[PDB]
Number of protein chains: 2
Amino acid sequence: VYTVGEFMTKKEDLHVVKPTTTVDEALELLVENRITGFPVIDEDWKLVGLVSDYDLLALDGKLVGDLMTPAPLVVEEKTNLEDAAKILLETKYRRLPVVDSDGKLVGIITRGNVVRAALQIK
Amino acid sequence: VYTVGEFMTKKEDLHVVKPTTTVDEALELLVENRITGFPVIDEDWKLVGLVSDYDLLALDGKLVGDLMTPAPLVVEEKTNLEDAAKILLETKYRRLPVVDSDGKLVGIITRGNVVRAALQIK
């Protein structure tokens, strides 16, 4: 079987922030890195939240920790890719953080990554 | 005043498709270019539609033209940036195509671009 860990955006090529990151640091990070959000880690690289441009710009002196959406839906590396694919493909979710046994964030799987996986079946 | 044309993603750095583009070509383009959609142009570089991953993967032998969302909300280059900013910041829209007098697509303004603009005010 395929796993999320094989197709995920690995830890090396990630963009993360901490709850100590300022809204301006995060806005900067988004602008440079052409992303619309990041996973949010504590000092132990544990996953404590997710944050997006909508959250940053209060849409509808403050820090990511203030505006982040904490405790999100999560997958594992050994997680069968097809389950991840179901979620990605049947919900508003375009990303899912991948964490390990110790709750430590080790990647992210996007609907893109799933698409790429589908395509590289050849 | 500021205009959209000053801060938009210009025509050079664009990614477009045509209605003749196949779903697989578009899926490829998305995977390489890390985008979640494109503007859709005819041969005259006129804007005829918009298309996204959700449309591509029929979510909820075919071509973009079949699945594209045509005739979307549009801005101009001389369009005062702040109006664009209002739309971007008060709606589900993260992108807006920029076209000229002849209806020809000459760029796109994203909420990102607006953010970058806000930041480079310094």
# chains A, B, ... in the order shown; residues from 1 in each chain; ligands from 1
call {"tool": "closest_atom_pairs", "arguments": {"of": "chain B", "to": "chain A", "cutoff": "9 Å", "atoms": "only C-alpha atoms", "output": "JSON lines"}}
result
{"residue": "B:24", "atom": "CA", "partner": "A:119", "partner_atom": "CA", "distance": 8.3}
{"residue": "B:27", "atom": "CA", "partner": "A:115", "partner_atom": "CA", "distance": 7.3}
{"residue": "B:28", "atom": "CA", "partner": "A:116", "partner_atom": "CA", "distance": 7.7}
{"residue": "B:30", "atom": "CA", "partner": "A:112", "partner_atom": "CA", "distance": 7.5}
{"residue": "B:31", "atom": "CA", "partner": "A:116", "partner_atom": "CA", "distance": 6.0}
{"residue": "B:32", "atom": "CA", "partner": "A:116", "partner_atom": "CA", "distance": 8.8}
{"residue": "B:34", "atom": "CA", "partner": "A:112", "partner_atom": "CA", "distance": 7.5}
{"residue": "B:35", "atom": "CA", "partner": "A:112", "partner_atom": "CA", "distance": 8.5}
{"residue": "B:36", "atom": "CA", "partner": "A:112", "partner_atom": "CA", "distance": 8.0}
{"residue": "B:53", "atom": "CA", "partner": "A:112", "partner_atom": "CA", "distance": 8.4}
{"residue": "B:54", "atom": "CA", "partner": "A:89", "partner_atom": "CA", "distance": 8.3}
{"residue": "B:57", "atom": "CA", "partner": "A:89", "partner_atom": "CA", "distance": 8.2}
{"residue": "B:59", "atom": "CA", "partner": "A:89", "partner_atom": "CA", "distance": 6.8}
{"residue": "B:60", "atom": "CA", "partner": "A:90", "partner_atom": "CA", "distance": 6.4}
{"residue": "B:89", "atom": "CA", "partner": "A:59", "partner_atom": "CA", "distance": 6.8}
{"residue": "B:90", "atom": "CA", "partner": "A:60", "partner_atom": "CA", "distance": 6.4}
{"residue": "B:91", "atom": "CA", "partner": "A:60", "partner_atom": "CA", "distance": 8.0}
{"residue": "B:111", "atom": "CA", "partner": "A:53", "partner_atom": "CA", "distance": 8.6}
{"residue": "B:112", "atom": "CA", "partner": "A:31", "partner_atom": "CA", "distance": 6.1}
{"residue": "B:113", "atom": "CA", "partner": "A:31", "partner_atom": "CA", "distance": 7.6}
{"residue": "B:115", "atom": "CA", "partner": "A:27", "partner_atom": "CA", "distance": 7.3}
{"residue": "B:116", "atom": "CA", "partner": "A:31", "partner_atom": "CA", "distance": 6.0}
{"residue": "B:119", "atom": "CA", "partner": "A:28", "partner_atom": "CA", "distance": 7.9}
call {"tool": "write_last_selection", "arguments": {"atoms": "N, CA, C and O atoms", "output": "PDB file, in the first residue's frame"}}
result
ATOM      1  N   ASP B  24      -5.727  16.607 -17.611  1.00  0.00           N
ATOM      2  CA  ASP B  24      -4.445  16.050 -17.191  1.00  0.00           C
ATOM      3  C   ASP B  24      -3.314  17.059 -17.377  1.00  0.00           C
ATOM      4  O   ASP B  24      -2.376  17.131 -16.571  1.00  0.00           O
ATOM      5  N   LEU B  27      -3.937  19.446 -14.447  1.00  0.00           N
ATOM      6  CA  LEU B  27      -3.493  18.804 -13.212  1.00  0.00           C
ATOM      7  C   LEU B  27      -1.972  18.812 -13.114  1.00  0.00           C
ATOM      8  O   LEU B  27      -1.401  19.068 -12.045  1.00  0.00           O
ATOM      9  N   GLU B  28      -1.322  18.559 -14.244  1.00  0.00           N
ATOM     10  CA  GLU B  28       0.128  18.628 -14.308  1.00  0.00           C
ATOM     11  C   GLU B  28       0.593  20.039 -13.958  1.00  0.00           C
ATOM     12  O   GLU B  28       1.380  20.230 -13.016  1.00  0.00           O
ATOM     13  N   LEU B  30      -0.799  22.423 -12.397  1.00  0.00           N
ATOM     14  CA  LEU B  30      -1.014  22.689 -10.983  1.00  0.00           C
ATOM     15  C   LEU B  30       0.064  22.046 -10.146  1.00  0.00           C
ATOM     16  O   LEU B  30       0.579  22.670  -9.217  1.00  0.00           O
ATOM     17  N   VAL B  31       0.403  20.795 -10.452  1.00  0.00           N
ATOM     18  CA  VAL B  31       1.406  20.103  -9.634  1.00  0.00           C
ATOM     19  C   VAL B  31       2.798  20.740  -9.710  1.00  0.00           C
ATOM     20  O   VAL B  31       3.426  20.991  -8.681  1.00  0.00           O
ATOM     21  N   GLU B  32       3.268  21.002 -10.926  1.00  0.00           N
ATOM     22  CA  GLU B  32       4.540  21.689 -11.112  1.00  0.00           C
ATOM     23  C   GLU B  32       4.530  23.066 -10.475  1.00  0.00           C
ATOM     24  O   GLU B  32       5.467  23.433  -9.766  1.00  0.00           O
ATOM     25  N   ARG B  34       2.574  24.613  -8.290  1.00  0.00           N
ATOM     26  CA  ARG B  34       2.016  24.772  -6.949  1.00  0.00           C
ATOM     27  C   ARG B  34       0.858  25.776  -6.869  1.00  0.00           C
ATOM     28  O   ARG B  34       0.774  26.573  -5.934  1.00  0.00           O
ATOM     29  N   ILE B  35      -0.031  25.733  -7.856  1.00  0.00           N
ATOM     30  CA  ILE B  35      -1.226  26.568  -7.844  1.00  0.00           C
ATOM     31  C   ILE B  35      -2.486  25.739  -7.601  1.00  0.00           C
ATOM     32  O   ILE B  35      -2.465  24.512  -7.705  1.00  0.00           O
ATOM     33  N   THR B  36      -3.584  26.404  -7.263  1.00  0.00           N
ATOM     34  CA  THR B  36      -4.844  25.687  -7.063  1.00  0.00           C
ATOM     35  C   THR B  36      -5.876  26.097  -8.103  1.00  0.00           C
ATOM     36  O   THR B  36      -7.075  25.908  -7.919  1.00  0.00           O
ATOM     37  N   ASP B  53      -8.680  23.279  -8.874  1.00  0.00           N
ATOM     38  CA  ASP B  53      -8.533  21.860  -8.552  1.00  0.00           C
ATOM     39  C   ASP B  53      -9.873  21.169  -8.229  1.00  0.00           C
ATOM     40  O   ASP B  53     -10.141  20.077  -8.713  1.00  0.00           O
ATOM     41  N   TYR B  54     -10.720  21.837  -7.453  1.00  0.00           N
ATOM     42  CA  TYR B  54     -12.075  21.355  -7.165  1.00  0.00           C
ATOM     43  C   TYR B  54     -12.874  21.077  -8.440  1.00  0.00           C
ATOM     44  O   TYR B  54     -13.627  20.100  -8.515  1.00  0.00           O
ATOM     45  N   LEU B  57     -11.054  17.959 -10.401  1.00  0.00           N
ATOM     46  CA  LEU B  57     -11.311  16.659  -9.869  1.00  0.00           C
ATOM     47  C   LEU B  57     -12.782  16.350  -9.633  1.00  0.00           C
ATOM     48  O   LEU B  57     -13.106  15.553  -8.786  1.00  0.00           O
ATOM     49  N   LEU B  59     -15.339  17.516  -7.845  1.00  0.00           N
ATOM     50  CA  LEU B  59     -15.551  17.249  -6.444  1.00  0.00           C
ATOM     51  C   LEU B  59     -16.866  17.746  -5.939  1.00  0.00           C
ATOM     52  O   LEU B  59     -17.480  18.605  -6.539  1.00  0.00           O
ATOM     53  N   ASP B  60     -17.286  17.197  -4.815  1.00  0.00           N
ATOM     54  CA  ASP B  60     -18.508  17.619  -4.159  1.00  0.00           C
ATOM     55  C   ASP B  60     -18.918  16.636  -3.070  1.00  0.00           C
ATOM     56  O   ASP B  60     -18.405  15.525  -3.010  1.00  0.00           O
ATOM     57  N   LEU B  89     -10.466  41.115   0.579  1.00  0.00           N
ATOM     58  CA  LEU B  89     -10.458  41.011   2.033  1.00  0.00           C
ATOM     59  C   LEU B  89     -11.834  40.799   2.663  1.00  0.00           C
ATOM     60  O   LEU B  89     -11.930  40.619   3.862  1.00  0.00           O
ATOM     61  N   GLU B  90     -12.893  40.819   1.865  1.00  0.00           N
ATOM     62  CA  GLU B  90     -14.242  40.667   2.402  1.00  0.00           C
ATOM     63  C   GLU B  90     -15.013  39.508   1.764  1.00  0.00           C
ATOM     64  O   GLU B  90     -16.222  39.383   1.951  1.00  0.00           O
ATOM     65  N   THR B  91     -14.320  38.674   1.000  1.00  0.00           N
ATOM     66  CA  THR B  91     -14.969  37.617   0.235  1.00  0.00           C
ATOM     67  C   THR B  91     -14.113  36.364   0.138  1.00  0.00           C
ATOM     68  O   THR B  91     -12.919  36.373   0.442  1.00  0.00           O
ATOM     69  N   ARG B 111      -4.864  38.152  -2.928  1.00  0.00           N
ATOM     70  CA  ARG B 111      -4.864  38.680  -1.564  1.00  0.00           C
ATOM     71  C   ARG B 111      -3.423  38.759  -1.039  1.00  0.00           C
ATOM     72  O   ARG B 111      -3.081  39.653  -0.255  1.00  0.00           O
ATOM     73  N   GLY B 112      -2.596  37.806  -1.475  1.00  0.00           N
ATOM     74  CA  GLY B 112      -1.173  37.843  -1.223  1.00  0.00           C
ATOM     75  C   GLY B 112      -0.567  39.148  -1.725  1.00  0.00           C
ATOM     76  O   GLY B 112       0.027  39.892  -0.958  1.00  0.00           O
ATOM     77  N   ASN B 113      -0.712  39.412  -3.017  1.00  0.00           N
ATOM     78  CA  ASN B 113      -0.215  40.636  -3.624  1.00  0.00           C
ATOM     79  C   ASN B 113      -0.667  41.882  -2.855  1.00  0.00           C
ATOM     80  O   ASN B 113       0.118  42.815  -2.637  1.00  0.00           O
ATOM     81  N   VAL B 115      -1.440  41.942   0.338  1.00  0.00           N
ATOM     82  CA  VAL B 115      -0.697  41.884   1.600  1.00  0.00           C
ATOM     83  C   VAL B 115       0.709  42.458   1.429  1.00  0.00           C
ATOM     84  O   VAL B 115       1.133  43.316   2.199  1.00  0.00           O
ATOM     85  N   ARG B 116       1.400  41.973   0.396  1.00  0.00           N
ATOM     86  CA  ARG B 116       2.730  42.427   0.035  1.00  0.00           C
ATOM     87  C   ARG B 116       2.729  43.935  -0.124  1.00  0.00           C
ATOM     88  O   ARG B 116       3.602  44.615   0.404  1.00  0.00           O
ATOM     89  N   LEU B 119       2.499  45.689   3.141  1.00  0.00           N
ATOM     90  CA  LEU B 119       3.746  45.569   3.885  1.00  0.00           C
ATOM     91  C   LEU B 119       4.833  46.489   3.351  1.00  0.00           C
ATOM     92  O   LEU B 119       5.582  47.084   4.119  1.00  0.00           O
TER      93      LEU B 119
END
call {"tool": "select_by_dssp", "arguments": {"residues": "segment 3-118 of chain B", "states": "strand (DSSP E)", "output": "PyMOL selection string"}}
result
chain B and resi 9-10+37-41+47-52+69-70+95-99+105-110
call {"tool": "write_last_selection", "arguments": {"atoms": "N, CA, C and O atoms", "output": "compact mmCIF listing (two decimals), in the first residue's frame"}}
result
# COMPACT_ATOMS: atom_id res chain seq x y z
N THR B 9 0.19 40.26 -10.11
CA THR B 9 0.99 39.27 -10.78
C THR B 9 0.89 39.53 -12.29
O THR B 9 -0.14 39.27 -12.93
N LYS B 10 1.98 40.07 -12.85
CA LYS B 10 2.01 40.47 -14.25
C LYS B 10 1.93 39.31 -15.21
O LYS B 10 2.15 38.16 -14.83
N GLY B 37 -5.39 26.66 -9.20
CA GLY B 37 -6.28 27.11 -10.26
C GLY B 37 -5.56 28.00 -11.25
O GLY B 37 -4.42 28.39 -11.02
N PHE B 38 -6.22 28.31 -12.35
CA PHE B 38 -5.67 29.22 -13.35
C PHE B 38 -6.83 30.01 -13.92
O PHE B 38 -7.98 29.54 -13.89
N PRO B 39 -6.51 31.18 -14.46
CA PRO B 39 -7.32 31.82 -15.50
C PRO B 39 -7.25 31.01 -16.80
O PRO B 39 -6.28 30.27 -17.10
N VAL B 40 -8.32 31.13 -17.56
CA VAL B 40 -8.56 30.37 -18.77
C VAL B 40 -8.79 31.37 -19.88
O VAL B 40 -9.77 32.13 -19.84
N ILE B 41 -7.89 31.35 -20.88
CA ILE B 41 -7.91 32.28 -22.00
C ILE B 41 -8.27 31.60 -23.32
O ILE B 41 -8.00 30.41 -23.49
N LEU B 47 -10.13 36.69 -21.65
CA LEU B 47 -10.48 35.93 -20.48
C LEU B 47 -11.87 35.32 -20.67
O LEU B 47 -12.86 36.04 -20.81
N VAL B 48 -11.93 33.99 -20.67
CA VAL B 48 -13.21 33.31 -20.83
C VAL B 48 -13.56 32.49 -19.59
O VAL B 48 -14.71 32.05 -19.43
N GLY B 49 -12.60 32.25 -18.71
CA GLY B 49 -13.01 31.56 -17.51
C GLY B 49 -11.95 31.39 -16.46
O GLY B 49 -10.84 31.89 -16.59
N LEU B 50 -12.33 30.70 -15.39
CA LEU B 50 -11.42 30.40 -14.30
C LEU B 50 -11.61 28.93 -13.98
O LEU B 50 -12.70 28.38 -14.17
N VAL B 51 -10.55 28.29 -13.51
CA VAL B 51 -10.67 26.88 -13.22
C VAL B 51 -9.81 26.51 -12.03
O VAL B 51 -8.74 27.06 -11.84
N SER B 52 -10.33 25.60 -11.20
CA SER B 52 -9.63 25.24 -9.96
C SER B 52 -9.54 23.71 -9.79
O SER B 52 -10.25 22.95 -10.46
N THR B 69 -15.16 27.51 -14.53
CA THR B 69 -16.18 28.49 -14.18
C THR B 69 -15.93 29.78 -14.97
O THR B 69 -14.96 30.50 -14.76
N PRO B 70 -16.80 30.03 -15.93
CA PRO B 70 -16.64 31.10 -16.91
C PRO B 70 -17.21 32.41 -16.39
O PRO B 70 -17.94 32.40 -15.40
N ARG B 95 -8.10 35.52 -5.48
CA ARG B 95 -7.53 35.94 -6.74
C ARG B 95 -8.57 36.80 -7.44
O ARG B 95 -9.75 36.69 -7.12
N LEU B 96 -8.14 37.67 -8.35
CA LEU B 96 -9.02 38.36 -9.29
C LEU B 96 -8.25 38.58 -10.56
O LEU B 96 -7.15 39.10 -10.53
N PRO B 97 -8.81 38.18 -11.70
CA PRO B 97 -8.11 38.44 -12.96
C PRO B 97 -8.14 39.93 -13.30
O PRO B 97 -9.11 40.64 -13.02
N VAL B 98 -7.05 40.39 -13.90
CA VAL B 98 -6.92 41.75 -14.37
C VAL B 98 -6.90 41.72 -15.88
O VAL B 98 -6.11 41.00 -16.48
N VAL B 99 -7.80 42.48 -16.49
CA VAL B 99 -7.87 42.51 -17.94
C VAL B 99 -7.84 43.96 -18.45
O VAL B 99 -8.06 44.91 -17.70
N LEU B 105 -6.64 39.43 -21.00
CA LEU B 105 -6.12 39.17 -19.67
C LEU B 105 -4.67 39.63 -19.53
O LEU B 105 -3.80 39.13 -20.23
N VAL B 106 -4.42 40.56 -18.62
CA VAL B 106 -3.07 41.10 -18.48
C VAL B 106 -2.49 40.87 -17.11
O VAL B 106 -1.38 41.31 -16.81
N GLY B 107 -3.22 40.21 -16.23
CA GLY B 107 -2.59 39.85 -14.97
C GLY B 107 -3.58 39.22 -14.01
O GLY B 107 -4.67 38.87 -14.42
N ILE B 108 -3.17 39.10 -12.76
CA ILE B 108 -4.05 38.66 -11.68
C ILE B 108 -3.59 39.36 -10.38
O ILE B 108 -2.39 39.55 -10.16
N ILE B 109 -4.55 39.77 -9.56
CA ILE B 109 -4.25 40.26 -8.23
C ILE B 109 -4.78 39.32 -7.15
O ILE B 109 -5.98 39.06 -7.02
N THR B 110 -3.86 38.81 -6.35
CA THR B 110 -4.21 37.93 -5.26
C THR B 110 -4.19 38.70 -3.93
O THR B 110 -3.60 39.78 -3.84
call {"tool": "select_by_dssp", "arguments": {"residues": "segment 4-122 of chain A", "states": "helix (DSSP H, G or I)", "output": "PyMOL selection string"}}
result
chain A and resi 4-7+11-13+23-33+53-56+64-67+81-90+111-119
call {"tool": "write_last_selection", "arguments": {"atoms": "N, CA and C atoms", "output": "CSV table (one decimal), in the first residue's frame"}}
result
chain,number,residue,atom,x,y,z
A,4,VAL,N,1.1,8.1,3.4
A,4,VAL,CA,1.1,9.5,3.3
A,4,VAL,C,2.6,10.0,3.3
A,5,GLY,N,3.4,9.3,4.1
A,5,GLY,CA,4.8,9.6,4.3
A,5,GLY,C,5.6,9.6,3.0
A,6,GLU,N,5.1,8.8,2.0
A,6,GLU,CA,5.8,8.7,0.7
A,6,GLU,C,5.5,9.9,-0.2
A,7,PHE,N,4.4,10.6,0.0
A,7,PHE,CA,4.0,11.6,-0.9
A,7,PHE,C,3.8,13.0,-0.3
A,11,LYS,N,9.5,17.3,6.0
A,11,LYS,CA,9.9,18.3,7.0
A,11,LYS,C,11.0,19.4,6.5
A,12,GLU,N,11.8,18.9,5.5
A,12,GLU,CA,12.8,19.8,5.0
A,12,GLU,C,12.2,21.0,4.3
A,13,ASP,N,11.3,20.7,3.4
A,13,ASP,CA,10.7,21.7,2.5
A,13,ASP,C,9.4,22.3,3.1
A,23,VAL,N,2.3,38.5,13.8
A,23,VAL,CA,1.4,38.5,12.6
A,23,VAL,C,2.2,39.1,11.4
A,24,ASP,N,3.1,40.0,11.6
A,24,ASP,CA,3.9,40.6,10.5
A,24,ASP,C,5.0,39.6,10.0
A,25,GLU,N,5.6,38.9,10.9
A,25,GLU,CA,6.5,37.8,10.5
A,25,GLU,C,5.8,36.8,9.7
A,26,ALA,N,4.6,36.5,10.0
A,26,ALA,CA,3.8,35.4,9.4
A,26,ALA,C,3.3,35.9,8.0
A,27,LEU,N,2.9,37.2,8.0
A,27,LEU,CA,2.5,37.8,6.7
A,27,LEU,C,3.6,37.9,5.8
A,28,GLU,N,4.8,38.2,6.3
A,28,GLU,CA,6.0,38.2,5.5
A,28,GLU,C,6.3,36.8,4.9
A,29,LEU,N,6.3,35.8,5.8
A,29,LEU,CA,6.6,34.4,5.4
A,29,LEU,C,5.6,34.0,4.3
A,30,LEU,N,4.3,34.3,4.4
A,30,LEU,CA,3.4,34.0,3.4
A,30,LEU,C,3.7,34.7,2.1
A,31,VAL,N,4.1,36.0,2.2
A,31,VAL,CA,4.4,36.7,0.9
A,31,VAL,C,5.6,36.1,0.2
A,32,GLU,N,6.7,35.9,0.9
A,32,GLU,CA,7.9,35.3,0.3
A,32,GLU,C,7.6,33.9,-0.3
A,33,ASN,N,6.9,33.1,0.6
A,33,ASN,CA,6.8,31.7,0.3
A,33,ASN,C,5.5,31.2,-0.5
A,53,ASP,N,-4.1,33.0,6.2
A,53,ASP,CA,-4.2,34.5,5.9
A,53,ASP,C,-5.5,35.1,6.4
A,54,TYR,N,-6.6,34.4,6.3
A,54,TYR,CA,-7.9,34.8,6.8
A,54,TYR,C,-7.8,35.0,8.3
A,55,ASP,N,-7.0,34.2,9.0
A,55,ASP,CA,-6.8,34.4,10.5
A,55,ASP,C,-5.9,35.5,10.7
A,56,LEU,N,-4.9,35.6,10.0
A,56,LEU,CA,-3.9,36.7,10.1
A,56,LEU,C,-4.5,38.1,9.9
A,64,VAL,N,0.7,35.0,16.3
A,64,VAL,CA,0.1,33.8,15.7
A,64,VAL,C,-0.7,33.0,16.8
A,65,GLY,N,-0.1,32.8,17.9
A,65,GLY,CA,-0.7,32.1,19.0
A,65,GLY,C,-2.1,32.6,19.3
A,66,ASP,N,-2.3,33.9,19.1
A,66,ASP,CA,-3.6,34.6,19.4
A,66,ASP,C,-4.6,34.2,18.3
A,67,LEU,N,-4.2,34.1,17.1
A,67,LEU,CA,-5.2,34.0,16.0
A,67,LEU,C,-5.2,32.5,15.4
A,81,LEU,N,-2.3,6.2,2.2
A,81,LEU,CA,-2.6,7.4,1.5
A,81,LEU,C,-4.0,7.7,1.0
A,82,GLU,N,-4.7,6.6,0.8
A,82,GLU,CA,-6.1,6.6,0.2
A,82,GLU,C,-7.1,7.3,1.2
A,83,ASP,N,-6.9,7.1,2.5
A,83,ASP,CA,-7.7,7.7,3.5
A,83,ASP,C,-7.5,9.2,3.5
A,84,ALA,N,-6.2,9.6,3.5
A,84,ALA,CA,-5.9,11.0,3.4
A,84,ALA,C,-6.5,11.6,2.1
A,85,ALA,N,-6.5,10.8,1.1
A,85,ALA,CA,-7.0,11.2,-0.2
A,85,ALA,C,-8.5,11.4,-0.1
A,86,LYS,N,-9.2,10.5,0.5
A,86,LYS,CA,-10.6,10.7,0.8
A,86,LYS,C,-10.9,12.0,1.5
A,87,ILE,N,-10.2,12.3,2.6
A,87,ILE,CA,-10.4,13.5,3.3
A,87,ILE,C,-10.2,14.7,2.4
A,88,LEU,N,-9.0,14.8,1.8
A,88,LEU,CA,-8.6,15.9,0.9
A,88,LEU,C,-9.7,16.1,-0.2
A,89,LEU,N,-10.2,15.0,-0.7
A,89,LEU,CA,-11.0,15.1,-1.9
A,89,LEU,C,-12.5,15.2,-1.6
A,90,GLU,N,-12.9,15.2,-0.3
A,90,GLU,CA,-14.3,15.2,0.0
A,90,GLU,C,-14.6,16.4,1.0
A,111,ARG,N,-3.7,18.3,-1.1
A,111,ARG,CA,-4.5,17.7,-2.2
A,111,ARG,C,-3.7,17.7,-3.5
A,112,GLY,N,-2.8,18.7,-3.6
A,112,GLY,CA,-1.8,18.7,-4.6
A,112,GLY,C,-0.9,17.5,-4.6
A,113,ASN,N,-0.3,17.2,-3.5
A,113,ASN,CA,0.5,16.0,-3.3
A,113,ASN,C,-0.2,14.8,-3.7
A,114,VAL,N,-1.5,14.7,-3.3
A,114,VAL,CA,-2.3,13.5,-3.7
A,114,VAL,C,-2.5,13.5,-5.2
A,115,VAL,N,-2.7,14.6,-5.8
A,115,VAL,CA,-2.8,14.7,-7.3
A,115,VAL,C,-1.6,14.2,-8.0
A,116,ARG,N,-0.4,14.7,-7.5
A,116,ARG,CA,0.9,14.3,-8.0
A,116,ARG,C,1.0,12.8,-7.9
A,117,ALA,N,0.7,12.3,-6.8
A,117,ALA,CA,0.7,10.8,-6.5
A,117,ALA,C,-0.2,10.1,-7.5
A,118,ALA,N,-1.4,10.6,-7.8
A,118,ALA,CA,-2.3,9.9,-8.7
A,118,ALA,C,-1.6,9.9,-10.1
A,119,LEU,N,-1.0,11.0,-10.5
A,119,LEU,CA,-0.4,11.2,-11.8
A,119,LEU,C,0.8,10.3,-12.0
call {"tool": "residues_around", "arguments": {"residues": "residue 42 of chain A", "least_positions_apart": "3", "cutoff": "6 Å", "atoms": "only C-alpha atoms", "output": "short mmCIF file (atom, residue, chain, number, x, y, z; two decimals) with C-alpha atoms, in the first residue's frame"}}
result
data_model
loop_
_atom_site.label_atom_id
_atom_site.label_comp_id
_atom_site.auth_asym_id
_atom_site.auth_seq_id
_atom_site.Cartn_x
_atom_site.Cartn_y
_atom_site.Cartn_z
CA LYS A 18 5.46 29.30 16.30
CA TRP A 45 8.30 20.79 17.19
CA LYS A 46 4.95 19.50 18.43
#
call {"tool": "closest_residue", "arguments": {"among": "B:122, B:44, B:100, B:21", "to": "residue 75 of chain B", "atoms": "only C-alpha atoms"}}
result
B:100
call {"tool": "atom_distance", "arguments": {"atom1": "atom CA of residue 104 of chain B", "atom2": "atom CA of residue 2 of chain B"}}
result
21.4 Å
call {"tool": "atom_distance", "arguments": {"atom1": "atom CA of residue 101 of chain B", "atom2": "atom CA of residue 19 of chain B"}}
result
22.1 Å
call {"tool": "atom_distance", "arguments": {"atom1": "atom CA of residue 79 of chain B", "atom2": "atom CA of residue 17 of chain B"}}
result
24.4 Å
